[PDB]
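Numbering (the entry's author numbering), first residue to last: -5 to 87. Backbone N, C-alpha and C define an ideal beta-carbon position, used for all residues, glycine too.
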Amino acid sequence: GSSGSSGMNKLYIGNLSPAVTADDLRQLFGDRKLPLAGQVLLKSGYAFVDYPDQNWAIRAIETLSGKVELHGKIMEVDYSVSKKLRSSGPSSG
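In structure tokens:
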């Protein structure tokens, strides 16, 4: 039915001006000597990026998030996590 074994992950980017384009995102990451060895996604208000390794993401975020400004607005990068789901019922054991 509906199942999946955790695996590849991505990073969520917030505070992205409505003028920001995929070209700028790729140019920004590459300009900081941080190439994307995966896929890039640009959403209206945010964007997602695939990181090669955990170390790369942590280093990239620290070098980007809080250290990079786009369109006069500071870009925020963090692990794209949700873990949000309503639960209807107790648990045993």
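Helix, strand or coil for residue i? Go by DSSP, reduced to three states.
i          : result
residue 16 : helix
Among the candidates the options, whose CA atom is the shortest distance from the CA of residue i?
i          : options           : result
residue 88 : 59, 4 and 9       : There is simply no residue 88 to check, as the chain begins at -5 and stops at 87 in what is shown.
residue 42 : 83, 6 and 28      : 6
residue 49 : 20, 73 and 13     : 73
residue 29 : 57, 52 and 20     : 20
residue 38 : 2, 79 and 9       : 9
residue 22 : -1, -2 and 71     : 71
residue 26 : 76, 40, 56 and 85 : 56
residue 40 : 0, 78 and 64      : 64
Please name the residue or residues paired with residue i in a DSSP beta bridge.
i         : result
residue 8 : 40 and 70
Quick one: complete alpha helix (DSSP H) runs, 4+ long, within the stretch 36 to 87? Fully enclosed alpha helix (DSSP H) runs of 4 or longer: 48 to 58.
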